[PDB]
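FYI, in the numbering used here the residues of the sequence shown are 351 to 471.
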Amino acid sequence: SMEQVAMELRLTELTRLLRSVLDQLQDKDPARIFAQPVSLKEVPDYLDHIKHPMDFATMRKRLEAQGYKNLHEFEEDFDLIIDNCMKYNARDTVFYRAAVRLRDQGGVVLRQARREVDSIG
């Protein structure tokens, strides 16, 4: 149908916006602490602590499969990155600190993205 296509153009544009959002968030992690999944070869107990691992490469795969239906689902995944880190790592670690800084700097980006999503519809 013509509607199904209109719908698909909206998703494609949402994906385009979320891709730019993802790039902006990932720039706030210059150390690349959150770039890839935590290695289960190197942290073999990880899944005993963290039940829903997340990282920027895994978000990018979902994004490019147009697997995010709305900004809420995208934010859920970004929040996992931060919250998993803040639980697994102690407060006095470069990892925890990196998550706090990503959360704080990401807030600004996410704030405007929500306005753009509501605005463009």
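A virtual CB, placed ideally from N, CA and C, is assigned to each residue, including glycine.
If you look at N420, you'll find it isn't in any alpha helix (DSSP H); DSSP assigns it neither H nor E.
Between the beta-carbon of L375 and that of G456 there is about 5 Å, and that keeps the pair under the 8 Å contact cut.
In this structure, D379 is the residue among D379, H422, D395, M404 with its C-alpha nearest to the C-alpha of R447. Between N434 and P403, the gap from beta carbon to beta carbon is short of 8 Å. Burial check for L397: the Cβ neighbour count within 10 Å stays below 16, so the residue is exposed.
Secondary structure at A449: helix, using DSSP grouped into helix, strand and coil.
Taking a 10 Å sphere around the C-beta of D427, we find 16 or more other C-beta atoms and assign the residue as buried. Distance from the CA atom of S370 to the CA atom of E466, rounded to whole angstroms, is 12 Å.
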